[PDB]
């Protein structure tokens, strides 16, 4: 079950993503293994306008998407703008964020029709 995770950041604030998942695999004895995987830009400070597409394989399990907005300097405050765990692996999911620092907004769009 191929899938794509599209992210769009148009908000007037610094955002951070934390996207992790497991890949299902079988060893030379053929029993189950879940391999932790993560987006390479996890924890990176991102500012508008930013877009990306993350390809997700059919053996992907335990998809977790965490989106935070940040503030402060040397040390940062954060509050969660979006957070879902064990997201259904669908054909195409688009998560878009926008708005202001004090009023961040988010849309999660699923397409698996």
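Positions refer to the first chain, counted from 1.
The deposited model assigns a higher average Cα B-factor to 33 to 41 than to the other stretch when 76 to 84 and 33 to 41 are compared. Judged by mean Cα B factor in the deposited record, 104 to 112 ranks above the other of 4 to 12 and 104 to 112. The entry lists a Cα temperature factor for residue 66 that places it in the lowest third of the chain's modelled residues. In this PDB entry, residue 95 carries a Cα temperature factor that places it within the lowest third of its chain's modelled residues. When all modelled residues of the chain are sorted by CA temperature factor, residue 47 is found within the middle third. Residue 24: CA B factor lies in the highest third for its chain, per the PDB record.
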